[PDB]
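**Q** fold the following, please.
(chains A, B, C, D and E)
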Amino acid sequence: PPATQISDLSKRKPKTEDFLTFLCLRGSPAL
Amino acid sequence: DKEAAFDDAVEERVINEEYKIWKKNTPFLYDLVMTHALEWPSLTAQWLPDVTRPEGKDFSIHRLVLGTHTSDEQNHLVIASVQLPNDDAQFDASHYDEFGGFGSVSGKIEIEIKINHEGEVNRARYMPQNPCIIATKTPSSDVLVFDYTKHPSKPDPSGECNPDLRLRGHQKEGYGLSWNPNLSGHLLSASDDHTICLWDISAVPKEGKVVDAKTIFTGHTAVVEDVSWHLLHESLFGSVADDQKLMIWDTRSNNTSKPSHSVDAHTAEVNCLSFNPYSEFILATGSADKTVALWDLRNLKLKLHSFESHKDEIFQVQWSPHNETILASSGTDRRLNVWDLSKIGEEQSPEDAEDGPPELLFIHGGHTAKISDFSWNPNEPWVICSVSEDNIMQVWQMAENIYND
Amino acid sequence: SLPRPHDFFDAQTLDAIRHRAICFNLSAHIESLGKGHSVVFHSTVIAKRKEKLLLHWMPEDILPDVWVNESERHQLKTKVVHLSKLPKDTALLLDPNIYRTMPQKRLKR
Amino acid sequence: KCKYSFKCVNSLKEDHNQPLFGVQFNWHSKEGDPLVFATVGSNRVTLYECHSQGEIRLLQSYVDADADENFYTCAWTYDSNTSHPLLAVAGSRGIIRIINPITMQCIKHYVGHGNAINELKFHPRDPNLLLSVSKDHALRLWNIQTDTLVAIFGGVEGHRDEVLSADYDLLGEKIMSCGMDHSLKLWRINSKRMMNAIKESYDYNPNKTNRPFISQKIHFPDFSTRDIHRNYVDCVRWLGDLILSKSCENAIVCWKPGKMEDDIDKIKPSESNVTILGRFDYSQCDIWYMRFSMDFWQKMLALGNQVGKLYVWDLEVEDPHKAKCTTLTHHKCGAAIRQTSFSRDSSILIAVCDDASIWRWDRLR
Amino acid sequence: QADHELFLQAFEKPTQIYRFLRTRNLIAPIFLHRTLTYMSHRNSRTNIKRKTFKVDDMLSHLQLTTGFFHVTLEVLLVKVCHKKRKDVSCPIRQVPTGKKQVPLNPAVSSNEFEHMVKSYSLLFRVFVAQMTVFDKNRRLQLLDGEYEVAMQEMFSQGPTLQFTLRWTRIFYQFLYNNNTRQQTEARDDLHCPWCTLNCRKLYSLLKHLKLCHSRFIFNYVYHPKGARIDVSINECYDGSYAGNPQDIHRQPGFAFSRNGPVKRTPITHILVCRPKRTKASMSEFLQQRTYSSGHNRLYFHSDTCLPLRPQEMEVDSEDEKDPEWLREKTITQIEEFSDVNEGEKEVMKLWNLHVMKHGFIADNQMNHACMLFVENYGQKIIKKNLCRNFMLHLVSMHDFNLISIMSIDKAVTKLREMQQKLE
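**A** Residues are numbered from 1 along each chain as shown, chains lettered A, B, ... in the order given. Sharing the structure here:
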């Protein structure tokens, strides 16, 4: 349950140094 | 530049994807989905008033004037015949193939008369009083008037067919044309040479190959793109040009330089103009400012609800005659937006505000290139014929479910 | 059955789309702090008023710059604006890949 | 025994790590300009530019991974009116792309082949004619200037099977073509009809004419033979007036059409006897689809080996080649070499491997 | 990881493509979602058609001011306009002012302002300083108030000039051909994670997801607590080029370049016959049979894979009575004989070629065939001096009929004119 879908999924389009840290910078693509 | 070319390629790809998305919303937004790809690319559209619903054949004989806008291969002038599902639509009827409600096989889009043309076909405006005659605009200085009855069908492998009626009043290439529903004849054309020319037509001389311009309206500084008459009153019409003025000119005013209505109505280029017969005051006009604004004849200085929905120059506007408060527009942004007045200047839910202006009711996004022309069907309630520059003619009816209860 | 004819889209435009998305996310944080439906921004004190403050916003032609009272600035320094509420005149300048006129170079009129 | 000595200078590797088939040098570069060579492999083509002092540098790289594409041929050419080098790549889908490194963008795409293109050569006198041997049991000649199919060699009695590779004569008058049908059938371009077709294509305009270009289907070859090669032939050359065709028999047979005393240009189409004159023999060279490129001065002939070795040959001394010549071995040669290329000046030689790992050598000179 | 990571990347790539596709729809929608009849939950505004069109009217100076703290200066104006068709970029007009000998580290506003210009802005130069006088939305800004107007390098700690400025439970499961699922929640009421859309209930959500998003398909399954959806892209997706098929195979630098009009074949399409205008049904959540006519594709030549243009269709038969290779084979077979004469070989080759080129099959017509040579090929026989062979062959008929003595005499007399004409 990674809370809001956006913060855990829509980080795939910005897959570089533009994720603004948050859960996107953490292991969001992986488990 | 190379970056500009790459951006244009990406834009074309996105346009194709958006069109593919739009195709899926055919049944939930339209009554009929009829799109025909003319062999010779279409540059204009119209709806002939002929109708015929015989017993045992529930379809109605509908004729539409197509166009021909390829460079030079025996230039023609295509006139076809289409049908309508009628009240007994019979979508399946356990026998749809022709269908159980109209012709769905064989001559769906069969061509009746193909008179050869000399050049390009810009407009295909006909005379509703006498639907036999059809006028055409060509890059040359002369207009072409044909007749699908007298001229034989099945064109031979040749060209430069004599139309027996050529209206030579222009100088440069033209892009405007409009007939007078009130009085038979009286065709006016707005061309690129900073002026709009009108021909008497009507009782044209027999075999009148050489026809001079009855009147010329040179009052706009910049290039004009449309000229439309007034349905209610035949004594005035509007001239719209790139100069920021959607001017309206009254006929027989003894003034060919100063339009009767000189309100700018915009701060950018304007390329469309039309009115409504049921709503005489309502008069939508298109512009480059992407701010197509409705105006009232009684009060033109005041600005009514400018429909803030366009995104480019608008070249073709037209309000629905049958309804009362329905207007529409189209232009280079390849969108046919249909306006509305009942929701104008009224409170709305936040979702309605997010969807756009309440006054804007319908928008049609079934085009890939610049919209050439669009017109409502006089017989059918919502059927509209819209054409683009990709050689696609679209016949569709806006759903009336929104105007229920 | 017959497979798909060909992928007309995303052949080469995918890299440009990714570049534009990266640029937008870095510059505006629309998908980071804008809740996914509004344009976020970070404002700085460009000027002030004898008493307020002028909390100008960094993204030009994306987030308009307005004035805020001293307490108002100190509290709501950061302002987020809805995309449909964004100005239409500067929408084209915000990003050039949202709408481009391909055939307007020639013909047209 | 030979009077040549090449030494390894530098080497590199590619990003995609896939087998590399076609590699050719830029013979059209004159003196002063540093040597530049290209390589192919997978869906990403790569260039290179190696300086002196044993240094190799990467200039440019491309990729075509939009679809399941592949590349086999790396024929080099140039534009007469533009004066920039062009590289020809084709395969898989069979689309022939003319890459322009100067502007870093493709110039033209050619479609019409029924399968993947296997080999590509360019016509010497007119650099705009490309010899494309397609796998659809046919061979075609392409005019780059007008983007038209000059002639479709194959028909009633032409190319019963796929044509693996084909070559050109020293002067560009006679065309050889090997194939998978165990045949060395030949199509002369010396007939008056060939000149008429070439001239018409030179002054052709597809826009002007509604009818399609009238390609000359040469159904009947001017000379064909089967007895030379027992199996399929995948390489062929033109050693002066002789033929240096090569097949999977780990040998490049040097033969001459017809009898001994008859002139080659006066050989009747009904000749049905051939004589063998020379044959260069090596070992461990039995793989398929591998090509050899000799030096411009014809003193050097090199053919890559699958084990990793290299061979050079002398083809100018009195009598045909004999003795054993010399072999070139690299310290890090483990893959299979599929093509070798010399420079216009016999000083630089680069060998490609089955991992797009170019190994440049340098002669003492 | 490893193989799992590679599979995750291969899943994200189409997911990335869908993300880029959905992002652009967020910025500029194509059509209003209000008019979606099936999605009636959202924008459920009341309808009143009694509002007639006759009743539209009812229905609807500053005293500023030092020096930089840590030198003549000028104040310029920066203007942004609307991107017209003629000019790609917004035109900018500069209206600078004079300079004064202000002290180095120790003003009255003009009526320049007061709708072609989108906004008015002023920028200082003291060595530059850009200020946002007016907002992008024409909001109030640069009002009364004095402070340190900082100047951009190349109040604040940087150099500034003192000026007394005055007035004027929803779940998702991402899939890829049923490869692997995912667990993601929702933020707003029936909000699509791809694009911003505030649907009122599931009716305005499932229909919009199925229809307005053609890139990927959905299998609505409903949830005891909220709405459960599954997201995956269908395999087929016939979303290829919808324009002229001729531009699909055009050379690079010209395909779909929109240089000018392109000719094509006629075609008509019908896919939505008549909507049923039915009511909401759960079973709908849990065939097309389109109608087409004419030619709606690009054709190819028979000889090779060259695309056949629509203009190349007037005859385009590509089927000949006697092919060239057949003539060459017949000539070779005639010349390959060993027990025939030179003139005899020539005359038999001529007769066989004429028969192949004309394809005579009627027996009686064979008689007339013997005349045809005289009309066409008599000159060749006269020049080659093959009259005797011609006569021998013509006499060689009674073995198989094919005319009679009268025809032989007529033909021999007819060619006698050619021999005497040459002589």
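**Q** in which helix or strand would I find residue C:88?
**A** Residue C:88 belongs to no helix or strand when assigned by DSSP states H and E.
**Q** next one: phi and psi at residue 23?
**A** Looking at chain A here, since you left the chain open. phi -70, psi -20 (degrees, to the nearest 10).
**Q** correction: the question concerned chain E.
**A** Reported as degrees, to the nearest 10, the phi and psi values for residue E:23 are phi -60, psi -40.
**Q** tally of neighbours for the residue lying closest to it once chain neighbours are set aside?
**A** Distances taken as Cβ to Cβ, 6 or more residues apart in numbering or on different chains place residue C:21 nearest to residue E:23, at 6.3 Å, with adjacent residues excluded. No exception for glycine: its C-beta is placed from N, CA and C like everyone else's. When neighbours are defined as other Cβ atoms under 10 Å in any protein chain shown, residue C:21 has 23 of them.
**Q** show me the contact partners of stretch E:386-399.
**A** Residues outside stretch E:386-399 that contact it (Cβ atoms under 8 Å, 6 or more residues apart in numbering or on different chains): E:341, E:343-344, E:346-348, E:351, E:370, E:373, E:381, E:403-404, E:408, E:411-412, E:415, E:419.
**Q** apply 6 Å and report the result again.
**A** If you take Cβ atoms under 6 Å, 6 or more residues apart in numbering or on different chains as the criterion, stretch E:386-399 is touched by E:343, E:344, E:346, E:347, E:381, E:403, E:408, E:411, E:412, E:419.
**Q** touching, residue E:76 and residue E:123? I think so.
**A** Yes. Taking Cβ atoms under 6 Å as the definition, residue E:76 is a contact partner of residue E:123 at 5.3 Å.
**Q** of those two, which one has the most company?
**A** Set residue E:76 next to residue E:123 and count neighbours by other Cβ under 10 Å: residue E:123 wins out with 19 against 16.
**Q** what are the phi and psi values for that one?
**A** Backbone torsions for residue E:123, taken as degrees, to the nearest 10, come to phi -130, psi 140.
**Q** contacting residues around it?
**A** Residue E:123 is in contact with E:76, E:78, E:130, E:131, counting by Cβ under 6 Å, 6+ apart.
**Q** make JSON lines out of those and add secondary structure and distance to chain D.
**A** Shown next, in JSON lines, are the contacts of residue E:123 (DSSP: H, G, I helix; E, B strand; the rest coil; distance: Cβ to the nearest Cβ, whole Å):
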{"residue": "E:76", "secondary structure": "strand", "distance to chain D": "40"}
{"residue": "E:78", "secondary structure": "coil", "distance to chain D": "37"}
{"residue": "E:130", "secondary structure": "coil", "distance to chain D": "37"}
{"residue": "E:131", "secondary structure": "coil", "distance to chain D": "42"}
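**Q** for residue C:25, what is the enclosing helix or strand?
**A** helix C:13-28.
**Q** in stretch B:200-219, what's buried?
**A** Neighbour-count burial for stretch B:200-219 flags B:201, B:202, B:204, B:211, B:213, B:214, B:216, B:217, B:219 (criterion: 16 or more other Cβ atoms under 10 Å in any protein chain shown).
**Q** give me the contacts around it.
**A** Outside stretch B:200-219, the residues within contact range by Cβ under 6 Å, 6+ apart are B:164-167, B:169, B:184-185, B:187, B:195-199, B:239, B:249, B:256-257, B:259.
**Q** okay but the residue nearest to residue E:23 is in contact with residue A:13, surely?
**A** Yes. Applying Cβ under 6 Å as the test, residue C:21 and residue A:13 come out as touching, 4.5 Å apart.
**Q** thinking again about what came up before, and the next helix or strand after the helix holding residue C:25, what does it pack onto?
**A** Counting by DSSP H and E, the element after helix C:13-28 in chain order, helix or strand, is strand C:38-39. Applying 3 or more Cβ pairs under 6 Å, 6 or more residues apart in numbering or on different chains; DSSP states H and E, one finds that strand C:38-39 contacts strand C:81-82.
**Q** list the contacts for the closest residue to chain E within chain C?
**A** Among all residues of chain C, residue C:49 sits closest to chain E, at 2.4 Å; criterion: Cβ to the nearest Cβ. Residues in contact with residue C:49 (Cβ under 6 Å, 6+ apart) are residue E:145.
**Q** and what of the one 5 residues further on?
**A** For residue C:54, the residues meeting the contact criterion (Cβ under 6 Å, 6+ apart) are C:46, C:47, C:67.
**Q** what's the span of stretch E:93-100 from first residue to last?
**A** Separation of the first and last residues of stretch E:93-100 by Cα to Cα, to the nearest Å is 23 Å.
**Q** again with stretch D:64-77
**A** One end of stretch D:64-77 to the other measures 21 Å (Cα to Cα).
**Q** that stretch near chain B anywhere?
**A** No. Figure legend: stretch D:64-77 not in contact with chain B (Cβ under 6 Å from any Cβ of the partner chain); closest approach 12.1 Å.
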